[PDB]
Structures are given as C-alpha cells and as structure tokens.
Trainee: 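Shown below is the structure under consideration.
Note that ligands are numbered from 1 as they come in the structure, with each ligand's atoms numbered from 1 the same way. Quick note on labels: first sequence line is chain A, next is B, and so on, each numbered from 1.
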Amino acid sequence: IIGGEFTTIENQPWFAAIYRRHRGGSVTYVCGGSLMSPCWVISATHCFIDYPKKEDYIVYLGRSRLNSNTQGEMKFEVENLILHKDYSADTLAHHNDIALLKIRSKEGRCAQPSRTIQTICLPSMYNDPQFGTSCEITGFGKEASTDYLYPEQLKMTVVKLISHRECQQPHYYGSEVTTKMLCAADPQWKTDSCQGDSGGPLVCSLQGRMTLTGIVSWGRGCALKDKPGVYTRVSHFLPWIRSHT
Amino acid sequence: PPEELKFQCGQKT
Ligand SMILES: N=C(N)c1ccc(NC(=O)c2ccccc2O)cc1
C-alpha cells in the first residue's frame, strides 16, 4: 500500500495472508485474501493461475507481520483451490479475477473466531455503495513501486469509490474497465494499493455492515494520477460464490 | 454452543 498507516490484524480480522513454499526452505508471500465463512477465503485467480498446485500454499489468519509470528495466528493448508474459468488477462485488466480457497488446519478444522479472526460480510446481489463512499484496503504489498521487498507490518489506507463513467474516460482506462469491476482512488492520488496487495479486500459499509465490496485486482503503476486501482466487483459474482461454497 | 456461531461478519472486537 502506498501511504496509509501501519496497523494490526485486530483492525482487519478477516484478512488472510497467502504464502507459497519452495521445498528449498523458503516460504514467500503471494497475495492477501479475506475470510468469508469458517472454511472459505476469497482472493484473486491471477495470484494462483501460474502455479495452481494447492499443496504448495499456506494460508495464515490472525497475522499482523509478514515473516514473524503473531500470537493467535492459525495456519491452514488449501483443501480446495477454485479459480474462475472465464478468467482472462489482457494488456492490464484481469477479467473474472476472483478465486476461492477452502482451508483446513493440521487438526482438520476450519477457522475459529478470536479477537484477531473474524469473517467479513458479502453484499446482497448486485448491491454496491454509491461512488464517493470511502472504503479501506489492507495488505502487505509494496510501499513504493520501485521497492523490491514487502513491508513486515500490515498496512491499511482509505480510498473512495469513483464512477465507471469517470474510470472509463479514455485518459483513465477506457473500456478496459467493465461493469464487473469497480475503481477506487484517493482524490489526491497519494495512497493506493500496489503489487503484493492483490487478492485482498476493499471494505465499505453497506446497509450497516462492513462488506467485502471489492478484491484488489490491477491498476497502472501505483498511486498514479488518473490511474485508479481496479477491483473485482464482488456483488456481481454472488451466484458464482454461492455455487461453489 | 459451537465456536462458529461466534463469528459475526464485519465485527471488529
Ligand atoms: N495501482 C493499483 N491499485 C495496483 C497496481 C498493481 C497491483 N498489483 C499488481 O500489479 C500485482 C501483480 C502481480 C501479482 C500481485 C500484484 O499485486 C495492484 C494494485
């Protein structure tokens, strides 16, 4: 996240950190995700597409730091890895960029609630906040586009939803943005999601609940003027979500 | 009653 503040998992208890094992000994961060129900985490297909080997990923819940442990964290293996079949990537956009991970611990259970592990709510069919709404994003992604390392402390920031009319202006993204995407930016193009933040949540208050309104998907550069962050529009994937969980 | 019921989506404690 470019800008923002450092935070702790208690402020985003549904955030899930996904890593990949290289039996050579290292475990590297891949993407973020969100806990939907005890056994299901939702993220973005583009984080897995290149290596759909579920057995090589590890998912942690209740984590405030990237490579050190947090007291209360839970470790899970990926029992099922569901990618969208109509996922497609083009020069910038990722289409149908949503994925589901069914988790299981070594004891054979799913997540349990704690002050650091909670689920986030899903929107009602095709129901979104109106543009102008401030939503927050969280993640362990880059703090500057030129960095080649990820921060060790979790970060969060606030961005506002913008209209499709504004985002589809030729000098923003044109027709690369579809009705199945949402754009969110900082009025002053100072804070934004960036590389490493994919798969994580765009949370807004909708009908009185903190709802998973979007999943970090793509963007040109990070915090660039007229280049908003683009998110998968969760409200338009509810049937898909329901069919598999 | 079972742990799962304690989940309350969207609530920060
Ligand atoms: N400007 C933004 N809001 C933005 C830009 C890039 C990414 N992410 C990536 O490009 C990316 C690519 C591969 C793997 C993970 C990523 O986060 C996420 C957000």
Side-chain angles (χ1 to χ4, degrees), chain A residues 1-4 15-20 22 27-34 41-52 56-57 59 66 81 83-84 87-99 101 131 134-151 154-162 164 166-169 171-174 176-178 180-204 212-234:
Chain A
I1 286 179
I2 314 296
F15 182 78
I18 305 169
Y19 307 75
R20 168 153 158 239
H22 315 72
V27 169
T28 50
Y29 188 69
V30 180
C31 286
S34 298
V41 167
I42 187 169
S43 185
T45 278
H46 98 246
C47 291
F48 310 96
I49 267 288
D50 295 331
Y51 194 72
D56 286 34
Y57 294 91
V59 177
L66 193 61
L81 174 59
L83 306 184
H84 203 90
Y87 158 79
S88 192
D90 54 78
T91 40
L92 275 177
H94 288 293
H95 291 280
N96 302 294
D97 197 15
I98 183 168
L101 292 88
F131 57 89
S134 290
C135 303
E136 43 194 52
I137 46 176
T138 181
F140 286 113
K142 300 189 175 179
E143 296 191 277
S145 310
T146 39
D147 295 329
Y148 53 97
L149 283 327
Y150 289 145
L154 182 61
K155 293 187 71 183
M156 156 198 287
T157 198
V158 173
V159 290
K160 289 179 163 296
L161 295 180
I162 64 169
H164 286 88
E166 180 181 350
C167 210
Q168 297 174 328
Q169 290 175 82
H171 57 111
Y172 269 54
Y173 293 129
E176 281 284 287
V177 176
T178 63
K180 285 219 183 153
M181 293 177 200
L182 295 171
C183 295
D186 165 55
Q188 330 277 22
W189 315 94
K190 286 183 186 303
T191 177
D192 191 10
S193 35
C194 197
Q195 195 171 338
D197 289 321
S198 286
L202 169 67
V203 187
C204 314
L212 183 66
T213 287
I215 301 174
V216 180
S217 187
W218 57 281
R220 182 176 168 254
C222 299
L224 291 183
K225 184 180 180 177
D226 304 326
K227 302 294 162 171
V230 191
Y231 304 73
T232 297
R233 194 174 189 181
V234 181

Trainee: May I ask which of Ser193(A), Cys31(A), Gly199(A) has a heavy atom nearer to atom 2 (C) of ligand 1 than the others do?
Mentor: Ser193(A)

Trainee: Polar contacts were defined as any N/O atom of the residue lying under 3.5 Å from an N/O atom of the ligand; does this apply to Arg220(A) and ligand 1?
Mentor: no

Trainee: Taking atom 1 (N) of ligand 1 as the point of reference, which of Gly221(A), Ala184(A), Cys183(A) owns the nearest heavy atom?
Mentor: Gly221(A)

Trainee: Using the ring-ring contact (aromatic ring centres under 6.0 Å, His included) criterion, which residues pair with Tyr19(A)? Sequence neighbours excluded.
Mentor: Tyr29(A), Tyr60(A)

Trainee: If you look at every heavy atom in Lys142(A) and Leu149(A), which pair is closest and at what distance?
Mentor: CG-O, 4.3 Å

Trainee: As an exercise, identify every atom of ligand 1 less than 4.0 angstrom from a heavy atom of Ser198(A).
Mentor: 8 (N), 11 (C), 15 (C), 16 (C), 17 (O)

Trainee: Distance alone, cut at 3.5 Å: any donor-acceptor contact between the side chains of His46(A) and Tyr87(A)?
Mentor: no

Trainee: Can you find an N or O of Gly196(A) that's nearer than 3.5 Å to an N or O of ligand 1?
Mentor: yes

Trainee: Checking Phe48(A) now: which residues fulfil ring-ring contact (aromatic ring centres under 6.0 Å, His included) with it, not counting sequence neighbours?
Mentor: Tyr57(A)

Trainee: Answer with yes or no whether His46(A) contacts ligand 1, where contact means a heavy atom under 4.0 Å from a ligand atom.
Mentor: yes

Trainee: List ligand 1 atoms under 4.0 Å from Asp197(A), heavy atoms only on the residue side.
Mentor: 17 (O)

Trainee: Show which atoms of ligand 1 fall inside a sub-4.0 Å distance from at least one heavy-atom site of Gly229(A).
Mentor: 3 (N)

Trainee: How does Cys194(A) reach ligand 1, if at all, at less than 4.0 Å between non-hydrogen atoms: by side chain, backbone, both, or neither?
Mentor: backbone

Trainee: Look only at the side chain of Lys227(A) and the backbone of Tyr172(A), and say whether a donor-acceptor pair between them is shorter than 3.5 Å.
Mentor: yes

Trainee: Using every non-hydrogen atom in the two residues, find where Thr138(A) and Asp197(A) come nearest and quote the distance to one decimal.
Mentor: O-OD1, 4.5 Å

Trainee: For ligand 1, which is the ligand I care about here, please tell me if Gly219(A) has any N or O atom under 3.5 Å from one of the ligand's N or O atoms.
Mentor: no

Trainee: Does the protein put a heavy atom less than 4.0 Å from atom 10 (O) of ligand 1?
Mentor: no

Trainee: Do you know which two heavy atoms are closest between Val41(A) and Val59(A), and how far apart they sit?
Mentor: CG2-CG1, 4.5 Å

Trainee: Hey, does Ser217(A) come in under 3.5 Å of ligand 1, counting only N/O atoms on both sides?
Mentor: no

Trainee: Determine the minimum heavy-atom distance between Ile137(A) and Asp192(A), stating which atoms define it.
Mentor: CD1-C, 4.0 Å

